[PDB]
Structure formats: structure tokens, C-alpha cells
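Text of work.txt, listed as compact mmCIF, C-alpha atoms and all ligand atoms:
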```txt
# COMPACT_ATOMS: atom_id res chain seq x y z
CA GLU A 396 23.01 8.25 -4.10
CA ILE A 397 21.97 11.46 -2.40
CA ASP A 398 24.63 13.45 -0.60
CA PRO A 399 23.56 13.78 3.10
CA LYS A 400 24.87 17.34 3.07
CA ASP A 401 21.80 18.13 0.90
CA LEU A 402 19.33 16.95 3.64
CA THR A 403 17.89 18.91 6.49
CA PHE A 404 15.92 17.08 9.20
CA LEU A 405 12.93 19.14 10.51
CA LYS A 406 10.25 17.01 12.33
CA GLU A 407 9.43 13.39 13.13
CA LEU A 408 6.63 11.84 11.11
CA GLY A 409 6.37 8.55 13.01
CA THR A 410 7.91 5.08 13.29
CA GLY A 411 7.44 2.17 10.88
CA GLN A 412 8.97 -1.23 10.13
CA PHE A 413 12.46 0.30 9.70
CA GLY A 414 12.27 2.81 12.58
CA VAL A 415 11.94 6.56 12.59
CA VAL A 416 10.81 8.58 9.53
CA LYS A 417 11.42 12.34 9.45
CA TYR A 418 10.11 15.24 7.40
CA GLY A 419 12.85 17.45 5.91
CA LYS A 420 14.13 19.38 2.94
CA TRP A 421 16.32 18.24 0.02
CA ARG A 422 18.61 20.80 -1.64
CA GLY A 423 17.04 23.55 0.52
CA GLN A 424 13.91 23.43 -1.63
CA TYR A 425 12.10 20.12 -1.85
CA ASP A 426 9.89 18.52 0.80
CA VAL A 427 10.89 14.96 1.53
CA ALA A 428 10.32 12.14 3.95
CA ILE A 429 13.54 10.48 5.18
CA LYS A 430 13.54 7.00 6.63
CA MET A 431 16.44 6.48 9.12
CA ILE A 432 16.85 2.70 8.90
CA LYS A 433 17.15 1.28 12.42
CA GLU A 434 20.11 -1.10 12.85
CA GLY A 435 18.98 -4.74 12.74
CA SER A 436 15.64 -4.03 11.04
CA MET A 437 16.61 -4.39 7.39
CA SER A 438 18.50 -6.73 5.07
CA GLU A 439 20.56 -3.75 4.09
CA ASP A 440 22.87 -5.03 1.36
CA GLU A 441 19.95 -6.66 -0.50
CA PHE A 442 17.94 -3.42 -0.30
CA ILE A 443 20.88 -1.34 -1.51
CA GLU A 444 21.12 -3.45 -4.64
CA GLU A 445 17.35 -3.27 -5.25
CA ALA A 446 17.19 0.47 -4.72
CA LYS A 447 18.43 0.82 -8.32
CA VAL A 448 15.34 -0.98 -9.69
CA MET A 449 13.04 0.82 -7.34
CA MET A 450 14.34 4.23 -8.40
CA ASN A 451 13.33 3.46 -11.95
CA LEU A 452 9.69 2.99 -10.78
CA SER A 453 8.20 6.35 -11.57
CA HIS A 454 4.44 6.93 -11.73
CA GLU A 455 2.36 9.85 -10.51
CA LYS A 456 0.36 7.57 -8.19
CA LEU A 457 3.43 5.85 -6.63
CA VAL A 458 5.24 7.61 -3.73
CA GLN A 459 8.49 8.47 -5.59
CA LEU A 460 11.85 7.23 -4.28
CA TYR A 461 14.24 10.13 -4.77
CA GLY A 462 17.38 8.38 -3.59
CA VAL A 463 19.31 6.73 -0.77
CA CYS A 464 22.26 7.50 1.50
CA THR A 465 24.21 4.31 1.95
CA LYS A 466 27.76 5.44 2.58
CA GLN A 467 26.96 5.77 6.29
CA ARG A 468 24.88 4.07 9.00
CA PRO A 469 22.01 4.41 9.57
CA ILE A 470 21.10 4.25 5.84
CA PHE A 471 18.59 6.85 4.69
CA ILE A 472 15.76 6.37 2.19
CA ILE A 473 14.55 9.69 0.72
CA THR A 474 11.08 9.85 -0.72
CA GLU A 475 8.32 12.13 -1.88
CA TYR A 476 6.49 13.83 1.02
CA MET A 477 2.76 13.24 1.40
CA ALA A 478 1.33 16.00 3.60
CA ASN A 479 -1.90 14.27 4.64
CA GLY A 480 -0.33 11.07 5.91
CA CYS A 481 -1.67 7.55 5.87
CA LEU A 482 -4.86 6.78 3.91
CA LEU A 483 -6.25 4.59 6.75
CA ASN A 484 -6.22 7.42 9.25
CA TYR A 485 -7.55 9.86 6.56
CA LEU A 486 -10.56 7.55 5.81
CA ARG A 487 -11.37 7.34 9.57
CA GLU A 488 -11.73 11.16 10.01
CA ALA A 489 -15.49 11.91 9.81
CA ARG A 490 -14.82 15.62 9.09
CA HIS A 491 -13.85 14.83 5.48
CA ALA A 492 -17.48 13.68 4.89
CA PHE A 493 -16.50 12.13 1.63
CA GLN A 494 -18.76 11.77 -1.40
CA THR A 495 -18.72 8.32 -2.95
CA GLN A 496 -17.21 9.80 -6.09
CA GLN A 497 -14.21 10.84 -3.96
CA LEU A 498 -13.97 7.26 -2.60
CA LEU A 499 -14.01 5.87 -6.11
CA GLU A 500 -11.30 8.33 -7.17
CA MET A 501 -9.09 7.04 -4.28
CA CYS A 502 -9.60 3.48 -5.67
CA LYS A 503 -8.69 4.69 -9.14
CA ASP A 504 -5.51 6.45 -7.87
CA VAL A 505 -4.37 3.16 -6.30
CA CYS A 506 -5.43 1.07 -9.29
CA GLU A 507 -3.38 3.31 -11.63
CA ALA A 508 -0.26 2.85 -9.48
CA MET A 509 -0.84 -0.93 -9.35
CA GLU A 510 -1.45 -1.23 -13.09
CA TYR A 511 1.95 0.49 -13.52
CA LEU A 512 3.64 -1.96 -11.04
CA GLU A 513 1.93 -4.93 -12.78
CA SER A 514 3.31 -3.67 -16.15
CA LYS A 515 6.80 -3.81 -14.54
CA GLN A 516 6.11 -7.29 -13.05
CA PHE A 517 6.73 -5.76 -9.60
CA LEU A 518 4.73 -6.97 -6.55
CA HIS A 519 3.78 -4.77 -3.65
CA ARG A 520 3.09 -7.72 -1.25
CA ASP A 521 1.59 -5.54 1.46
CA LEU A 522 -1.07 -3.47 -0.30
CA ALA A 523 -3.57 -2.03 2.21
CA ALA A 524 -4.90 1.44 3.22
CA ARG A 525 -2.21 1.62 5.94
CA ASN A 526 0.37 1.47 3.16
CA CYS A 527 -1.08 4.24 1.05
CA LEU A 528 -0.48 7.95 1.65
CA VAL A 529 -2.42 11.12 0.80
CA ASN A 530 -0.82 14.32 -0.55
CA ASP A 531 -1.79 17.96 -0.06
CA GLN A 532 -4.21 17.72 -3.04
CA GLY A 533 -5.99 14.66 -1.71
CA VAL A 534 -4.36 12.33 -4.23
CA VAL A 535 -3.74 8.83 -2.88
CA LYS A 536 -0.42 7.18 -3.73
CA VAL A 537 0.88 3.68 -3.05
CA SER A 538 3.83 3.51 -0.63
CA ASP A 539 6.51 1.08 0.47
CA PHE A 540 5.94 -1.24 -2.49
CA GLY A 541 8.46 -4.12 -2.53
CA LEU A 542 10.06 -3.23 0.81
CA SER A 543 8.54 -6.21 2.63
CA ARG A 544 11.33 -8.32 1.13
CA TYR A 545 13.91 -6.59 3.34
CA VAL A 546 12.12 -6.75 6.70
CA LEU A 547 14.04 -8.88 9.22
CA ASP A 548 11.16 -9.18 11.78
CA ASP A 549 9.74 -12.71 11.49
CA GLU A 550 6.46 -11.60 13.16
CA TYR A 551 5.85 -9.60 9.93
CA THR A 552 7.15 -11.91 7.22
CA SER A 553 5.97 -15.33 8.49
CA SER A 554 2.32 -16.22 7.51
CA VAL A 555 1.74 -17.25 11.20
CA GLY A 556 3.35 -14.08 12.50
CA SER A 557 1.40 -11.49 14.57
CA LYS A 558 2.14 -8.71 12.09
CA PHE A 559 1.54 -10.63 8.83
CA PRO A 560 -1.21 -8.95 6.65
CA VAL A 561 -3.63 -11.97 7.01
CA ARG A 562 -6.78 -9.97 6.27
CA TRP A 563 -5.40 -8.72 2.93
CA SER A 564 -4.09 -12.11 1.75
CA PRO A 565 -5.68 -14.68 -0.56
CA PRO A 566 -6.04 -18.33 0.54
CA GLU A 567 -3.12 -19.48 -1.62
CA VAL A 568 -0.77 -17.07 0.22
CA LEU A 569 -1.94 -18.16 3.64
CA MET A 570 -1.97 -21.91 2.89
CA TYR A 571 0.94 -22.29 0.41
CA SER A 572 3.02 -19.06 0.24
CA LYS A 573 1.88 -18.64 -3.34
CA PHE A 574 2.62 -14.97 -4.12
CA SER A 575 1.76 -13.57 -7.52
CA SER A 576 0.19 -10.64 -9.38
CA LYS A 577 -3.12 -12.16 -8.23
CA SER A 578 -2.26 -11.83 -4.51
CA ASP A 579 -1.81 -8.07 -5.00
CA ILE A 580 -5.20 -8.13 -6.85
CA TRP A 581 -6.85 -9.79 -3.84
CA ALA A 582 -5.30 -7.19 -1.49
CA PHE A 583 -6.56 -4.38 -3.80
CA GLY A 584 -10.13 -5.62 -3.42
CA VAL A 585 -9.74 -5.56 0.36
CA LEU A 586 -8.31 -1.99 0.07
CA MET A 587 -11.41 -0.96 -1.96
CA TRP A 588 -13.50 -2.44 0.87
CA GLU A 589 -11.49 -0.41 3.41
CA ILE A 590 -12.10 2.79 1.37
CA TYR A 591 -15.87 2.24 1.02
CA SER A 592 -16.11 1.27 4.68
CA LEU A 593 -14.37 4.51 5.75
CA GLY A 594 -11.49 2.57 7.29
CA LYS A 595 -13.17 -0.33 9.15
CA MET A 596 -10.91 -3.33 9.88
CA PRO A 597 -11.69 -6.04 7.28
CA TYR A 598 -13.54 -8.93 8.95
CA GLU A 599 -13.96 -6.68 11.99
CA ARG A 600 -15.68 -9.23 14.13
CA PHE A 601 -13.22 -12.09 13.42
CA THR A 602 -9.61 -12.88 14.44
CA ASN A 603 -6.85 -13.47 11.84
CA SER A 604 -7.22 -17.27 12.38
CA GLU A 605 -11.03 -17.06 11.87
CA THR A 606 -10.60 -14.87 8.76
CA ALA A 607 -8.28 -17.47 7.16
CA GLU A 608 -10.98 -20.17 7.80
CA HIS A 609 -13.91 -17.95 6.56
CA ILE A 610 -12.13 -17.27 3.24
CA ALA A 611 -11.05 -20.90 2.76
CA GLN A 612 -14.86 -21.68 2.96
CA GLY A 613 -15.62 -19.35 0.06
CA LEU A 614 -17.17 -16.61 2.14
CA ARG A 615 -16.18 -12.96 1.60
CA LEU A 616 -16.45 -9.43 2.94
CA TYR A 617 -19.99 -7.98 2.80
CA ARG A 618 -20.87 -4.97 0.67
CA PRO A 619 -20.09 -1.73 2.46
CA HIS A 620 -23.17 0.47 2.64
CA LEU A 621 -21.58 3.21 0.54
CA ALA A 622 -20.71 0.78 -2.30
CA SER A 623 -23.19 0.37 -5.21
CA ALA A 624 -23.75 -3.14 -6.67
CA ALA A 625 -21.29 -2.22 -9.47
CA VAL A 626 -18.54 -1.13 -7.01
CA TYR A 627 -19.12 -4.29 -4.98
CA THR A 628 -18.82 -6.43 -8.12
CA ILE A 629 -15.39 -4.85 -8.80
CA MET A 630 -13.98 -5.52 -5.29
CA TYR A 631 -15.62 -8.98 -5.14
CA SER A 632 -14.01 -9.92 -8.53
CA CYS A 633 -10.60 -9.61 -6.80
CA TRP A 634 -11.58 -12.42 -4.39
CA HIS A 635 -12.19 -15.33 -6.77
CA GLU A 636 -11.07 -18.60 -5.23
CA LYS A 637 -9.12 -19.36 -8.42
CA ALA A 638 -6.30 -16.83 -8.77
CA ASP A 639 -6.25 -17.04 -12.57
CA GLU A 640 -9.90 -15.98 -12.62
CA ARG A 641 -9.15 -12.70 -10.87
CA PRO A 642 -8.83 -9.64 -13.13
CA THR A 643 -5.61 -7.78 -13.95
CA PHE A 644 -5.17 -4.16 -12.75
CA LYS A 645 -5.71 -3.04 -16.34
CA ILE A 646 -9.18 -4.66 -16.34
CA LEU A 647 -9.92 -3.26 -12.84
CA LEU A 648 -9.00 0.24 -14.04
CA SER A 649 -11.39 -0.10 -17.02
CA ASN A 650 -14.16 -1.31 -14.64
CA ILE A 651 -13.60 1.61 -12.27
CA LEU A 652 -13.70 4.15 -15.15
CA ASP A 653 -16.95 2.55 -16.38
CA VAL A 654 -18.58 2.93 -12.95
CA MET A 655 -17.44 6.56 -12.76
CA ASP A 656 -19.16 7.16 -16.11
CA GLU A 657 -22.32 5.28 -15.14
CA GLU A 658 -22.80 6.49 -11.58
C1 LIG A 701 7.59 -3.01 4.55
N1 LIG A 701 6.50 -2.05 4.55
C2 LIG A 701 5.16 -2.47 4.05
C3 LIG A 701 6.65 -0.83 5.17
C4 LIG A 701 7.94 -0.30 5.33
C5 LIG A 701 8.03 0.96 5.89
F1 LIG A 701 9.30 1.48 5.94
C6 LIG A 701 7.00 1.72 6.41
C7 LIG A 701 7.10 3.07 6.95
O1 LIG A 701 8.20 3.65 7.00
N2 LIG A 701 5.96 3.66 7.37
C8 LIG A 701 6.03 5.06 7.73
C9 LIG A 701 6.30 5.38 9.05
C10 LIG A 701 6.33 6.75 9.43
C11 LIG A 701 6.08 7.68 8.45
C12 LIG A 701 5.76 7.37 7.13
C13 LIG A 701 5.52 8.44 6.17
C14 LIG A 701 4.65 9.55 6.51
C15 LIG A 701 4.49 10.54 5.59
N3 LIG A 701 3.70 11.73 5.79
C16 LIG A 701 3.05 12.12 6.92
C17 LIG A 701 2.45 13.42 6.87
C18 LIG A 701 1.79 13.85 7.98
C19 LIG A 701 1.76 13.10 9.14
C20 LIG A 701 1.07 13.55 10.36
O2 LIG A 701 -0.10 13.88 10.20
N4 LIG A 701 1.70 13.64 11.56
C21 LIG A 701 0.91 14.20 12.74
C22 LIG A 701 1.26 13.39 13.99
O3 LIG A 701 2.67 13.47 14.24
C23 LIG A 701 3.48 12.87 13.16
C24 LIG A 701 3.14 13.33 11.75
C25 LIG A 701 2.37 11.83 9.11
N5 LIG A 701 3.01 11.41 8.00
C26 LIG A 701 5.10 10.55 4.34
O4 LIG A 701 4.99 11.44 3.48
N6 LIG A 701 5.91 9.46 4.04
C27 LIG A 701 6.47 9.45 2.70
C28 LIG A 701 6.09 8.46 4.93
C29 LIG A 701 5.71 5.98 6.75
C30 LIG A 701 5.27 5.54 5.39
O5 LIG A 701 6.43 5.20 4.60
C31 LIG A 701 4.72 3.06 7.27
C32 LIG A 701 4.54 1.83 6.75
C33 LIG A 701 5.72 1.14 6.25
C34 LIG A 701 5.55 -0.14 5.64
```

Would you give me this structure, written as C-alpha cells?
Ligand SMILES: CN(C)c1cc(F)c2c(=O)n(-c3cccc(-c4cc(Nc5ccc(C(=O)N6CCOCC6)cn5)c(=O)n(C)c4)c3CO)ccc2c1
Amino acid sequence: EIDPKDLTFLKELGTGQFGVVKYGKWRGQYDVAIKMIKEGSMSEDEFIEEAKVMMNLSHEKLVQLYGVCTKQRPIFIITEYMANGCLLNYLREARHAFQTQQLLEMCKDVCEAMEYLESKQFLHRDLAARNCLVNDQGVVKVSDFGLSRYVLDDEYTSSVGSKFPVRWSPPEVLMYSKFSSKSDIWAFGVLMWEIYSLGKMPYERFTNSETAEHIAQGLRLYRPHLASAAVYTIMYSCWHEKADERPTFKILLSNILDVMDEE
């Protein structure tokens, strides 16, 4: 529990699932982002109990939760500040003119964070470039892990909803609501595709309904031009029709390190 007297609000960063997020300072020293949770958007009491677990998740490639303010409304969620914003928008800016080694390092940043979450048996459930952030050093960190569980908007949480992450979901999620470690693995492979595609929409010529059909047929995303055969093999391994045949994040990390050494 952070004392709100130790927060200063300085500029708006944008609006997400829970409303406005601001940039500010904590204890007159530390940059933070502060979510102001919009009334009616969150299952608040359930989140407040989970915040304890989520504060114990600490890894250099996870956007750190610093604390919450819950003895007031709106609730605040105070997190690490990531100066370069969302990875999706970052990938889409041609001025960065990334080398493929930089793209692979972004995949490795995310894979490290997800290997850590997997070790804690903790699912993200909405892993995608839009839910990763980039700091002032160009390090990519995974954000908003686990928070999908507290979203009250049915257009986001229902599989048939307009906001559901269809293009990052395996067939067993879309058909059966089967969530597991292996559904985050599937999403990771789509995220690698997004990175190597410089932020294209997965299945860019299909609708959500068509994508669900295409993947139920065994067909997959094509190799982005910037991906080598070895990088494509890694992302494609995340898309096995049988969940238990998909790698763990530990194996993915080893594969990524091998490609960095080879290429
Ligand atoms: C349930 N899931 C999956 C959720 C739940 C959420 F709460 C959110 C959420 O708040 N957001 C969300 C919404 C707003 C902000 C942040 C958000 C933005 C940050 N940083 C920046 C930095 C720079 C800029 C920027 O370039 N500008 C220029 C244009 O004018 C504005 C700022 C934007 N953001 C940041 O550090 N954090 C930690 C969060 C975030 C990320 O947190 C996004 C997805 C999301 C997903």
C-alpha cells in the first residue's frame, strides 16, 4: 500500500482497459506510471487481493508493480515507467531501422519475462506486442500480466467479443476456453511474428472469424521476410496443433540464444 501523499501526477499517458494512466513521481524521486481505475471497469476486490501475489513478481523484464492505493476511489496501480511506450507502436516507426539482431533481442527480453512467469505458474493471458512496453534503454518488458482476470467488459473477456485477442489465441482457447501455459506459448509465437514483421497485424488480410477457421485447418502465419529459417522454426514451434507438443519458455529461451550465437 502506497500512501497517495507520495504521488505527484504530471502528464497523461493514455487510456486503457481500466481508464486513464498518468505519468508521475513517487517519493519526489522515482518515475512511475499510475493507473486511475475507472469506476465500473474492474473487479476491484478480487484485484486488491491478487495485488499481493503480483507484487511478489519481480523480474528485470517484467514491468514492476510498485504498489497500490486502495483506501480511496478511484484505486491507483503504481508501476515502473517505460519511457518509449508500447512495443507495437515502437515496431511501426520506420526511423528505428532495426537490425535483426535488435529484433531477436526484443524476443529474448519477452521470453525471459515469460520463462519467469512460467516458473511461478502465472499466466499472462493477453500476451501481444500491444501489451509490451519499451524503456529508455530500448529494453522490452512484459506489461499487464494477469490483469485480464479483473476486466468487467464482456467484449474483451468473451471469446466471441469484439475486443478478445483472437489472433493471439490457440484453437483450444477459441473452441473450448482451454487456457494453459501453452496458450501463452502460442501468443508468444505470434508476438515474435509481430516483432519480425515490424508490427503488422497478424493474419492481416483476414477477419477474426476467418483467422479462427484458418488455424483450425492447420494453417499458420507465413515467415516474415526479416526472419531466418531458424527464427521461423522457433515461432512456428509455438503453434503446434497439440498444446503438449509446444515448447516451454525455458526451451524457447535456449533456442533464441542458439540462434543469436549462430546468426
Ligand atoms: C488487461 N490488460 C491486458 C490491460 C490492462 C491495462 F490496464 C492496460 C493499460 O493500462 N494500458 C495502458 C494505457 C495507457 C498507458 C499505459 C502505459 C504507458 C507507459 N509509458 C508511455 C510512455 C510514453 C508514451 C507516449 O509516447 N506518449 C506520447 C503521446 O501522448 C501520451 C504518451 C506513452 N506511454 C508506461 O510506462 N506504462 C507503465 C503504462 C498502459 C500500459 O499499462 C495498455 C494496455 C492494458 C492492458

Excluding region 613-618 of chain A and any residue of its chain fewer than 4 positions from it, enumerate the residues within 10 Å of it, using all atoms listed in the file, and give them as a VMD selection string. chain A and resid 566 584 to 585 588 591 to 592 597 to 599 606 608 to 609 622 to 624 626 to 628 630 to 631 634 to 636

Atomic separation - CA of residue 535 (chain A) relative to CA of residue 486 (chain A), Å: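 Going from CA of residue 486 (chain A) over to CA of residue 535 (chain A) covers 11.1 Å.
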
What residues of the protein or nucleic acid chains come within 6 Å of ligand LIG 701 (chain A) when you use all atoms listed in the file? Reply as a PDB file with C-alpha atoms, in the frame of the given file.
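Result file follows (pocket.pdb):
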```pdb
ATOM      1  CA  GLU A 407       9.430  13.390  13.130  1.00  0.00           C
ATOM      2  CA  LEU A 408       6.630  11.840  11.110  1.00  0.00           C
ATOM      3  CA  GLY A 409       6.370   8.550  13.010  1.00  0.00           C
ATOM      4  CA  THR A 410       7.910   5.080  13.290  1.00  0.00           C
ATOM      5  CA  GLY A 411       7.440   2.170  10.880  1.00  0.00           C
ATOM      6  CA  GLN A 412       8.970  -1.230  10.130  1.00  0.00           C
ATOM      7  CA  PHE A 413      12.460   0.300   9.700  1.00  0.00           C
ATOM      8  CA  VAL A 416      10.810   8.580   9.530  1.00  0.00           C
ATOM      9  CA  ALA A 428      10.320  12.140   3.950  1.00  0.00           C
ATOM     10  CA  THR A 474      11.080   9.850  -0.720  1.00  0.00           C
ATOM     11  CA  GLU A 475       8.320  12.130  -1.880  1.00  0.00           C
ATOM     12  CA  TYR A 476       6.490  13.830   1.020  1.00  0.00           C
ATOM     13  CA  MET A 477       2.760  13.240   1.400  1.00  0.00           C
ATOM     14  CA  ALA A 478       1.330  16.000   3.600  1.00  0.00           C
ATOM     15  CA  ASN A 479      -1.900  14.270   4.640  1.00  0.00           C
ATOM     16  CA  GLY A 480      -0.330  11.070   5.910  1.00  0.00           C
ATOM     17  CA  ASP A 521       1.590  -5.540   1.460  1.00  0.00           C
ATOM     18  CA  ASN A 526       0.370   1.470   3.160  1.00  0.00           C
ATOM     19  CA  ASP A 539       6.510   1.080   0.470  1.00  0.00           C
ATOM     20  CA  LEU A 542      10.060  -3.230   0.810  1.00  0.00           C
ATOM     21  CA  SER A 543       8.540  -6.210   2.630  1.00  0.00           C
TER      22      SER A 543
END
```

Who sits within 6 Å of residue 458 (chain A), only C-alpha atoms, same chain under 6 positions skipped, as a PyMOL selection string: chain A and resi 475+536-538

Protein and nucleic acid residues near (-5.4, 0.9, 5.1) (cut-off 8 Å, only C-alpha atoms) as an MDAnalysis selection string: chainID A and resid 481:484 523:527 586 589:590 594

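Proximity to residue 528 (chain A) was assessed for A:505, A:569, A:472, A:655 counting all atoms listed in the file; the smallest distance is recorded for A:505.
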
So, counting only C-alpha atoms, which residue among A:421, A:540, A:404, A:601 is closest to residue 517 (chain A)?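 Of A:421, A:540, A:404, A:601, the one nearest residue 517 (chain A), counting only C-alpha atoms, is A:540.
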
Choose the residue, out of A:519, A:573, A:468, A:447, that has the smallest atom-to-atom separation from residue 432 (chain A); count all atoms listed in the file.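 Between A:519, A:573, A:468, A:447, the residue approaching residue 432 (chain A) most closely is A:468.
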